[PDB]
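> Input file: final-v3.csv. Contents: CSV, C-alpha atoms.
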chain,number,residue,atom,x,y,z
A,1,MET,CA,7.7,-77.2,10.6
A,2,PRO,CA,4.2,-77.6,9.2
A,3,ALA,CA,1.7,-79.2,11.5
A,4,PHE,CA,2.0,-82.9,10.9
A,5,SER,CA,-0.7,-85.5,11.6
A,6,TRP,CA,-1.2,-89.2,10.8
A,7,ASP,CA,-5.0,-88.7,11.1
A,8,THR,CA,-5.2,-88.6,7.3
A,9,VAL,CA,-2.7,-88.7,4.4
A,10,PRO,CA,-0.3,-85.7,4.7
A,11,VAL,CA,-0.8,-83.7,1.4
A,12,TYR,CA,1.7,-81.3,-0.2
A,13,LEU,CA,0.7,-79.0,-3.1
A,14,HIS,CA,3.1,-77.7,-5.7
A,15,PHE,CA,1.5,-75.6,-8.4
A,16,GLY,CA,1.4,-72.3,-10.2
A,17,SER,CA,-1.3,-70.3,-11.9
A,18,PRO,CA,-0.4,-67.6,-14.5
A,19,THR,CA,-3.3,-65.6,-13.1
A,20,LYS,CA,-4.1,-64.6,-9.5
A,21,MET,CA,-6.0,-67.5,-8.0
A,22,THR,CA,-9.8,-67.5,-7.8
A,23,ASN,CA,-11.5,-67.5,-4.4
A,24,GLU,CA,-12.5,-71.1,-5.1
A,25,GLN,CA,-9.0,-72.2,-5.9
A,26,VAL,CA,-7.7,-70.6,-2.7
A,27,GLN,CA,-10.4,-72.4,-0.7
A,28,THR,CA,-9.7,-75.7,-2.3
A,29,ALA,CA,-6.0,-75.6,-1.8
A,30,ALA,CA,-6.4,-74.6,1.8
A,31,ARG,CA,-8.7,-77.5,2.8
A,32,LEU,CA,-6.5,-80.1,1.0
A,33,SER,CA,-3.1,-79.1,2.5
A,34,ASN,CA,-1.1,-77.4,5.2
A,35,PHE,CA,2.0,-77.3,3.0
A,36,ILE,CA,2.1,-75.5,-0.4
A,37,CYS,CA,4.6,-74.2,-2.8
A,38,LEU,CA,3.7,-71.7,-5.6
A,39,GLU,CA,5.7,-72.2,-8.8
A,40,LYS,CA,8.2,-70.1,-10.7
A,41,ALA,CA,5.8,-68.1,-12.9
A,42,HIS,CA,2.8,-67.8,-10.6
A,43,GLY,CA,0.9,-64.6,-11.4
A,44,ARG,CA,3.0,-63.6,-14.4
A,45,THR,CA,-0.1,-62.8,-16.5
A,46,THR,CA,-1.8,-60.7,-13.7
A,47,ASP,CA,1.4,-58.6,-12.9
A,48,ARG,CA,4.1,-59.2,-15.5
A,49,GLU,CA,6.4,-56.7,-13.9
A,50,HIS,CA,6.2,-58.0,-10.3
A,51,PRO,CA,4.6,-61.4,-10.3
A,52,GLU,CA,6.3,-62.1,-6.9
A,53,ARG,CA,3.7,-59.8,-5.5
A,54,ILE,CA,0.9,-62.0,-6.8
A,55,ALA,CA,2.5,-65.1,-5.4
A,56,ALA,CA,2.7,-63.2,-2.1
A,57,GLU,CA,-1.0,-62.1,-2.2
A,58,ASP,CA,-2.1,-65.7,-3.0
A,59,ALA,CA,0.1,-67.1,-0.2
A,60,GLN,CA,-1.6,-64.7,2.2
A,61,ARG,CA,-5.0,-65.6,0.9
A,62,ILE,CA,-4.3,-69.3,1.4
A,63,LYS,CA,-3.1,-68.6,5.0
A,64,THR,CA,-6.2,-66.5,5.6
A,65,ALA,CA,-8.3,-69.6,4.8
A,66,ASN,CA,-5.9,-72.0,6.6
A,67,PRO,CA,-3.8,-70.4,9.3
A,68,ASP,CA,-1.9,-73.7,9.7
A,69,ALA,CA,-0.7,-73.6,6.1
A,70,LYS,CA,3.0,-73.2,5.3
A,71,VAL,CA,3.6,-71.6,1.9
A,72,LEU,CA,7.0,-71.8,0.2
A,73,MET,CA,8.3,-69.3,-2.4
A,74,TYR,CA,10.0,-70.9,-5.4
A,75,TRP,CA,13.6,-70.1,-6.2
A,76,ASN,CA,16.1,-71.9,-8.4
A,77,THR,CA,19.7,-72.6,-7.5
A,78,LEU,CA,21.0,-72.3,-11.1
A,79,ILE,CA,18.4,-70.7,-13.3
A,80,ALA,CA,17.4,-67.0,-13.2
A,81,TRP,CA,13.9,-67.6,-14.4
A,82,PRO,CA,13.0,-64.1,-15.8
A,83,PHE,CA,9.5,-64.0,-14.2
A,84,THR,CA,10.0,-62.2,-10.9
A,85,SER,CA,11.4,-58.6,-11.0
A,86,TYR,CA,14.6,-59.9,-9.3
A,87,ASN,CA,15.7,-61.9,-12.3
A,88,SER,CA,14.6,-59.4,-15.0
A,89,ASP,CA,17.4,-58.7,-17.5
A,90,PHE,CA,19.8,-60.5,-15.1
A,91,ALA,CA,22.9,-60.8,-17.3
A,92,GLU,CA,22.5,-57.2,-18.6
A,93,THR,CA,22.2,-55.5,-15.2
A,94,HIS,CA,25.0,-57.3,-13.4
A,95,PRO,CA,28.8,-57.7,-14.0
A,96,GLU,CA,29.9,-60.0,-16.8
A,97,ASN,CA,31.2,-62.6,-14.2
A,98,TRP,CA,27.8,-62.9,-12.5
A,99,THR,CA,26.5,-65.0,-15.4
A,100,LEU,CA,27.4,-68.6,-16.5
A,101,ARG,CA,29.1,-68.1,-19.9
A,102,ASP,CA,30.8,-70.3,-22.5
A,103,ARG,CA,34.5,-70.3,-21.6
A,104,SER,CA,35.6,-70.0,-25.2
A,105,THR,CA,33.2,-67.3,-26.6
A,106,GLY,CA,32.0,-65.5,-23.4
A,107,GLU,CA,28.4,-65.7,-24.6
A,108,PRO,CA,25.8,-66.7,-21.9
A,109,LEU,CA,24.9,-70.4,-21.5
A,110,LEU,CA,21.1,-70.3,-21.4
A,111,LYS,CA,18.6,-72.6,-19.8
A,112,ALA,CA,16.1,-71.6,-22.4
A,113,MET,CA,14.4,-68.7,-24.3
A,114,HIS,CA,11.0,-67.6,-22.9
A,115,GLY,CA,9.6,-66.1,-26.0
A,116,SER,CA,12.2,-63.6,-27.0
A,117,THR,CA,13.5,-63.3,-23.4
A,118,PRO,CA,16.6,-65.3,-22.6
A,119,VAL,CA,16.7,-67.3,-19.4
A,120,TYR,CA,20.2,-66.8,-17.9
A,121,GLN,CA,22.0,-69.0,-15.4
A,122,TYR,CA,23.9,-67.9,-12.3
A,123,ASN,CA,27.7,-68.0,-12.0
A,124,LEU,CA,27.5,-70.1,-8.8
A,125,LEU,CA,31.4,-70.0,-8.5
A,126,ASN,CA,31.3,-66.2,-8.0
A,127,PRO,CA,30.9,-65.4,-4.2
A,128,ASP,CA,29.2,-62.1,-5.0
A,129,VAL,CA,26.5,-64.0,-6.9
A,130,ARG,CA,25.9,-66.4,-4.0
A,131,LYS,CA,25.5,-63.5,-1.6
A,132,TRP,CA,23.1,-61.8,-4.0
A,133,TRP,CA,21.1,-65.0,-4.4
A,134,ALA,CA,20.6,-65.5,-0.7
A,135,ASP,CA,20.0,-61.8,0.0
A,136,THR,CA,17.4,-61.7,-2.8
A,137,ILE,CA,15.3,-64.8,-1.9
A,138,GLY,CA,15.8,-64.3,1.8
A,139,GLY,CA,14.7,-60.7,1.6
A,140,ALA,CA,11.7,-61.7,-0.5
A,141,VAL,CA,10.7,-64.4,2.0
A,142,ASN,CA,10.9,-62.0,4.9
A,143,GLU,CA,9.2,-59.1,3.0
A,144,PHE,CA,6.2,-61.2,1.8
A,145,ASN,CA,6.1,-63.4,4.9
A,146,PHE,CA,6.4,-66.7,3.1
A,147,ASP,CA,7.2,-69.7,5.3
A,148,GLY,CA,10.3,-70.8,3.5
A,149,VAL,CA,12.0,-71.5,0.2
A,150,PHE,CA,11.7,-74.3,-2.4
A,151,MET,CA,15.3,-74.4,-3.6
A,152,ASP,CA,15.0,-76.1,-7.1
A,153,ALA,CA,17.7,-77.6,-9.2
A,154,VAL,CA,20.4,-78.0,-6.5
A,155,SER,CA,22.5,-80.3,-8.7
A,156,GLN,CA,21.7,-79.2,-12.2
A,157,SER,CA,24.8,-77.1,-12.4
A,158,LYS,CA,26.8,-80.3,-12.8
A,159,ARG,CA,25.2,-81.3,-16.1
A,160,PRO,CA,28.1,-82.5,-18.3
A,161,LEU,CA,27.5,-79.8,-20.9
A,162,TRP,CA,27.9,-77.0,-18.4
A,163,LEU,CA,31.1,-78.5,-17.0
A,164,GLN,CA,32.6,-78.9,-20.4
A,165,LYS,CA,31.5,-75.5,-21.9
A,166,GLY,CA,31.1,-73.3,-18.8
A,167,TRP,CA,32.5,-74.2,-15.4
A,168,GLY,CA,35.5,-76.4,-16.3
A,169,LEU,CA,35.5,-80.2,-16.0
A,170,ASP,CA,37.1,-80.0,-12.5
A,171,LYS,CA,34.4,-77.9,-10.7
A,172,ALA,CA,31.7,-80.5,-9.7
A,173,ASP,CA,32.7,-80.5,-6.0
A,174,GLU,CA,33.1,-76.7,-5.9
A,175,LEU,CA,29.6,-76.5,-7.3
A,176,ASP,CA,28.3,-78.6,-4.4
A,177,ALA,CA,30.2,-76.3,-2.0
A,178,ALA,CA,28.6,-73.4,-3.7
A,179,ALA,CA,25.1,-74.8,-3.2
A,180,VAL,CA,25.9,-75.4,0.5
A,181,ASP,CA,27.1,-71.9,0.9
A,182,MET,CA,23.9,-70.6,-0.7
A,183,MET,CA,21.7,-72.6,1.7
A,184,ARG,CA,23.7,-71.5,4.8
A,185,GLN,CA,23.5,-67.8,3.8
A,186,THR,CA,19.8,-68.2,3.0
A,187,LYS,CA,19.0,-70.0,6.3
A,188,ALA,CA,20.8,-67.1,8.1
A,189,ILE,CA,18.2,-64.7,6.6
A,190,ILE,CA,15.0,-66.7,6.6
A,191,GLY,CA,15.7,-68.4,9.9
A,192,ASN,CA,15.1,-71.7,11.6
A,193,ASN,CA,11.4,-70.8,12.1
A,194,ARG,CA,11.2,-71.1,8.3
A,195,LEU,CA,11.9,-73.9,5.9
A,196,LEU,CA,14.5,-74.6,3.2
A,197,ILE,CA,13.4,-77.5,1.0
A,198,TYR,CA,15.7,-78.5,-1.9
A,199,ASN,CA,15.1,-80.5,-5.0
A,200,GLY,CA,16.2,-83.1,-4.4
A,201,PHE,CA,16.8,-86.8,-3.9
A,202,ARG,CA,17.6,-88.4,-7.3
A,203,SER,CA,18.4,-92.2,-7.5
A,213,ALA,CA,21.9,-86.5,-9.5
A,214,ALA,CA,21.8,-85.6,-5.7
A,215,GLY,CA,21.0,-87.2,-2.4
A,216,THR,CA,21.0,-86.5,1.4
A,217,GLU,CA,24.3,-84.7,1.4
A,218,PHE,CA,22.6,-81.3,1.5
A,219,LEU,CA,20.2,-82.2,4.4
A,220,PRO,CA,22.6,-80.9,7.1
A,221,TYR,CA,22.1,-77.4,5.7
A,222,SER,CA,18.4,-77.6,4.9
A,223,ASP,CA,15.1,-78.7,6.4
A,224,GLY,CA,14.1,-81.4,3.8
A,225,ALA,CA,14.1,-82.5,0.2
A,226,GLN,CA,11.8,-83.4,-2.6
A,227,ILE,CA,11.6,-86.7,-4.5
A,228,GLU,CA,10.5,-85.3,-7.9
A,229,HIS,CA,10.8,-88.6,-9.9
A,230,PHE,CA,9.0,-90.9,-7.4
A,231,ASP,CA,8.4,-93.8,-9.9
A,232,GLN,CA,8.8,-91.5,-12.9
A,233,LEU,CA,11.3,-90.5,-15.6
A,234,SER,CA,14.8,-91.4,-14.5
A,235,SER,CA,13.7,-93.5,-11.6
A,236,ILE,CA,11.0,-96.0,-12.5
A,237,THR,CA,12.2,-99.4,-11.2
A,238,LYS,CA,11.6,-101.3,-8.0
A,239,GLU,CA,15.2,-100.8,-7.1
A,240,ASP,CA,14.8,-97.0,-7.4
A,241,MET,CA,11.8,-97.2,-5.1
A,242,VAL,CA,13.7,-99.1,-2.4
A,243,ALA,CA,16.5,-96.5,-2.7
A,244,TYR,CA,14.1,-93.6,-2.2
A,245,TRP,CA,12.6,-95.2,0.9
A,246,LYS,CA,16.1,-95.7,2.3
A,247,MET,CA,17.0,-92.0,1.7
A,248,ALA,CA,13.6,-91.0,3.3
A,249,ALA,CA,14.2,-93.1,6.4
A,250,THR,CA,17.7,-91.6,6.7
A,251,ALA,CA,16.2,-88.1,6.4
A,252,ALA,CA,13.6,-89.0,9.1
A,253,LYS,CA,16.3,-89.9,11.6
A,254,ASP,CA,17.5,-86.3,11.3
A,255,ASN,CA,13.9,-84.9,11.7
A,256,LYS,CA,13.9,-83.7,8.1
A,257,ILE,CA,11.0,-83.3,5.7
A,258,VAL,CA,10.6,-85.4,2.6
A,259,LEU,CA,8.2,-84.5,-0.2
A,260,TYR,CA,7.1,-87.3,-2.5
A,261,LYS,CA,6.0,-86.0,-6.0
A,262,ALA,CA,3.9,-89.0,-7.2
A,263,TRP,CA,2.4,-89.6,-10.6
A,264,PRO,CA,-0.6,-91.6,-11.9
A,265,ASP,CA,1.6,-94.0,-13.8
A,266,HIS,CA,4.8,-94.0,-15.9
A,267,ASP,CA,4.9,-91.3,-18.6
A,268,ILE,CA,1.6,-89.8,-17.2
A,269,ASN,CA,2.9,-86.2,-16.8
A,270,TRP,CA,2.5,-82.7,-18.4
A,271,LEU,CA,5.0,-83.6,-21.1
A,272,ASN,CA,2.9,-86.5,-22.5
A,273,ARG,CA,1.0,-84.9,-25.3
A,274,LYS,CA,-1.4,-87.8,-25.9
A,275,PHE,CA,-2.5,-87.7,-22.2
A,276,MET,CA,-2.6,-83.9,-21.9
A,277,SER,CA,-4.9,-83.7,-24.9
A,278,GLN,CA,-7.7,-85.7,-23.3
A,279,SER,CA,-10.6,-83.9,-21.7
A,280,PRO,CA,-10.1,-82.6,-18.2
A,281,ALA,CA,-12.8,-85.0,-17.2
A,282,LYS,CA,-10.9,-87.9,-18.6
A,283,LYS,CA,-7.6,-86.9,-17.1
A,284,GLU,CA,-9.1,-86.6,-13.6
A,285,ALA,CA,-10.9,-89.9,-13.9
A,286,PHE,CA,-7.6,-91.6,-14.9
A,287,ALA,CA,-5.7,-90.0,-12.1
A,288,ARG,CA,-8.5,-90.8,-9.6
A,289,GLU,CA,-8.3,-94.5,-10.5
A,290,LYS,CA,-4.5,-94.7,-10.5
A,291,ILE,CA,-3.7,-93.0,-7.2
A,292,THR,CA,-3.8,-96.3,-5.3
A,293,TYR,CA,-0.4,-97.6,-6.4
A,294,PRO,CA,1.7,-94.4,-5.9
A,295,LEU,CA,-0.2,-93.6,-2.7
A,296,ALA,CA,0.5,-97.1,-1.4
A,297,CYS,CA,4.2,-96.8,-2.3
A,298,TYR,CA,4.3,-93.5,-0.3
A,299,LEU,CA,2.6,-95.1,2.7
A,300,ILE,CA,5.1,-98.0,2.7
A,301,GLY,CA,8.0,-95.6,3.4
A,302,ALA,CA,6.2,-92.6,5.0
A,303,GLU,CA,7.7,-91.2,8.2
A,304,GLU,CA,6.9,-88.2,10.3
A,305,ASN,CA,7.1,-84.9,8.4
A,306,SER,CA,6.8,-86.7,5.0
A,307,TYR,CA,4.2,-85.5,2.5
A,308,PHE,CA,2.4,-86.8,-0.6
A,309,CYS,CA,1.9,-84.7,-3.8
A,310,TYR,CA,-0.2,-86.2,-6.6
A,311,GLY,CA,-0.9,-84.9,-10.1
A,312,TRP,CA,0.2,-85.1,-13.6
A,313,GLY,CA,1.8,-81.6,-13.7
A,314,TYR,CA,2.5,-78.4,-11.9
A,315,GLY,CA,-0.2,-76.2,-13.4
A,316,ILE,CA,-3.1,-75.4,-11.1
A,317,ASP,CA,-5.4,-77.6,-13.3
A,318,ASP,CA,-3.0,-80.5,-13.5
A,319,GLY,CA,-4.7,-82.7,-10.9
A,320,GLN,CA,-3.4,-81.4,-7.6
A,321,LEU,CA,-6.6,-79.5,-6.6
A,322,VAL,CA,-8.7,-82.7,-7.1
A,323,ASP,CA,-10.6,-84.0,-4.0
A,324,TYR,CA,-9.3,-87.6,-3.9
A,325,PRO,CA,-11.3,-89.6,-1.4
A,326,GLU,CA,-8.2,-91.3,-0.1
A,327,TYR,CA,-7.2,-88.0,1.5
A,328,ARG,CA,-10.2,-88.1,3.9
A,329,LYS,CA,-10.2,-91.7,5.1
A,330,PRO,CA,-8.8,-92.3,8.6
A,331,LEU,CA,-5.2,-93.4,8.4
A,332,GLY,CA,-3.7,-93.2,11.9
A,333,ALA,CA,-0.1,-93.6,13.0
A,334,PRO,CA,1.9,-96.5,11.6
A,335,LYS,CA,2.2,-99.6,13.8
A,336,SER,CA,5.8,-100.4,12.7
A,337,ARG,CA,8.1,-99.8,9.8
A,338,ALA,CA,7.3,-101.7,6.5
A,339,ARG,CA,8.1,-105.4,6.3
A,340,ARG,CA,9.4,-107.1,3.1
A,341,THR,CA,8.8,-110.5,1.6
A,342,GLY,CA,10.5,-110.7,-1.8
A,343,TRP,CA,9.3,-107.6,-3.7
A,344,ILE,CA,6.1,-107.4,-1.7
A,345,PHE,CA,6.1,-104.7,1.0
A,346,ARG,CA,3.5,-104.4,3.7
A,347,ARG,CA,2.8,-101.9,6.5
A,348,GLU,CA,0.1,-101.5,9.2
A,349,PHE,CA,-1.4,-98.2,10.3
A,350,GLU,CA,-4.0,-97.8,13.1
A,351,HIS,CA,-6.8,-97.7,10.5
A,352,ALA,CA,-5.3,-99.2,7.3
A,353,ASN,CA,-3.2,-102.0,5.9
A,354,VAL,CA,-1.0,-101.3,2.9
A,355,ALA,CA,0.6,-103.8,0.5
A,356,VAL,CA,2.6,-103.1,-2.7
A,357,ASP,CA,4.0,-105.7,-5.2
A,358,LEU,CA,6.9,-103.8,-6.8
A,359,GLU,CA,7.7,-106.5,-9.3
A,360,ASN,CA,4.2,-106.6,-10.8
A,361,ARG,CA,3.2,-102.9,-9.9
A,362,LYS,CA,0.1,-104.0,-8.0
A,363,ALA,CA,-1.0,-102.4,-4.7
A,364,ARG,CA,-3.8,-102.7,-2.2
A,365,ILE,CA,-4.9,-100.3,0.6
A,366,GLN,CA,-7.2,-102.0,3.0
A,367,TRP,CA,-9.1,-99.2,4.8
A,368,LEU,CA,-10.2,-100.6,8.2
As a first step, turn the structure in this file into structure tokens.

Amino acid sequence: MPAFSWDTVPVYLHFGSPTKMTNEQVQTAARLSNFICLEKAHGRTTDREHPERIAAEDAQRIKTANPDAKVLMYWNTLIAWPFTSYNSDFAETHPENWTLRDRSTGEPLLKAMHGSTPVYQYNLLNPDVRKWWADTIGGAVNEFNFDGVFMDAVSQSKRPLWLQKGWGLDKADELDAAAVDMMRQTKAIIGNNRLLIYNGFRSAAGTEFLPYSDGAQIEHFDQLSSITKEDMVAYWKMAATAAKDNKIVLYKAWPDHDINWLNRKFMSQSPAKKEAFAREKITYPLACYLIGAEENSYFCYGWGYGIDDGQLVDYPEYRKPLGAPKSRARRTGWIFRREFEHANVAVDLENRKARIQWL
């Protein structure tokens, strides 16, 4: 478990840089956070053959600057992102039944094309694939001395199109059992001194995987598919349930609805303008996180997952004294309030207004 403290807002970072990080980037990440994940294509420009080695070197540099930092390696439940050497030419260098394929034609069902390189998807119903998956990421975690795995896309195998065209319409529950088997085999390799965090809670997955893992991410915290006050309350409920089991919950927050790396109008503004916007809009998502925050929960804030997408910004809210919560949040209508040793928090979910009173 990462060192957790209520002294200030617990910050989680989740980003990737195509090039090996600069000394300044490493230093900035290390002072902001004790809990970091490097993304799927980190270092792909610096070492296109073995970018996992660049992620490893940058993880070690971060921990040289912050010995308390835990750094997770990215790995995807379903998608063989062809960035690391492990997934290069995946469908071509393994048996036909290791790849997800159209049941009528036998041609691979792809997540995407990266340039001219196909992005294949694993046949999660093949036990040899599940073993290889756990052996591969577990081996990499141990070899490079990462502190755990960020297990992405735990439920994306159940997308209707893959069930109709690939798995068979009757496989959804078997796919859940496949994911569970994958986490169990991975935990057996990376151990209980390391972390398995899966993505994640979605108001199409929930807490059902927590018995086999160490925590989960809320990727759409007030964003995309989950943008209502009812979705917020549901996430707080899942997070409180997770906290009872001593599990980690990572909140990926966003400046406002539609403010993300896919919004072209926003992403075209100057870096100075984007940061100023994000600085001014952190109060509402941060307040929402504080309403439901429990021990071992973390806050991640930005408009994207690139290293320049707002996560390495020094937000003043991260250095003000917070202190332990005095009680769980209380509710009056759609107004939630909570007291911390050094702050009072209030959010109006119906009107999307919030106030953090720093004492």
> Residues near residue 265 of chain A, anyone? I mean within 10 Å using all atoms listed in the file, not counting same-chain ones fewer than 6 positions away, as a list in words.
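The residues that qualify are residues 231, 232, 236, 286, 287, 290, 291, 293, 294, 312 and 361 of chain A.
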> For residue 125 of chain A, which residue out of A:94, A:171, A:253, A:229 is the nearest one, using all atoms listed in the file?
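So, comparing all the options, the nearest one is A:171.
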> Given only C-alpha atoms as the basis, pick out the residue of A:99, A:320, A:306, A:87 nearest to residue 288 of chain A.
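When distances to residue 288 of chain A are compared using only C-alpha atoms, the smallest one comes from A:320.
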> May I ask which of the residues A:14, A:246, A:351, A:44 is the closest one to residue 259 of chain A, counting only C-alpha atoms?
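Using only C-alpha atoms, residue 259 of chain A sits closest to A:14.
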> Which residues are near residue 341 of chain A? Cut-off 12 Å, all atoms listed in the file, ignore same chain within fewer than 2 positions. Put them as a list in words.
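The residues that qualify are residues 338, 339, 343, 344, 345, 346, 347, 355, 356, 357, 358 and 359 of chain A.
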> Using all atoms listed in the file, pick whichever of A:9, A:141, A:183, A:109 has the shortest atom-to-atom distance to residue 329 of chain A.
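Among the listed residues, A:9 lies closest to residue 329 of chain A.
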> If I take atom CA of residue 1 of chain A and atom CA of residue 70 of chain A, how far is one from the other in Å, to one decimal?
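The value is 8.1 Å.
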> Which is closer to residue 154 of chain A than all the others in A:194, A:202, A:274, A:187, using only C-alpha atoms?
A:202
> From the options A:6, A:327, A:122, A:75, which residue's atoms come nearest to residue 32 of chain A, counting only C-alpha atoms?
A:327
> Could you please determine the separation between atom CA of residue 349 of chain A and atom CA of residue 335 of chain A in Å, to one decimal place?
5.2 Å
> In the coordinate frame of the file, compute which residues have an atom within 10 Å of (-7.7, -68.2, -4.7) when using only C-alpha atoms, and state them as a ChimeraX atom specification.
/A:17,19-30,57-62,65
> Can you work out the spacing between atom CA of residue 324 of chain A and atom CA of residue 275 of chain A in Å, to one decimal?
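Answer for the atom CA of residue 324 of chain A to atom CA of residue 275 of chain A separation: 19.5 Å.
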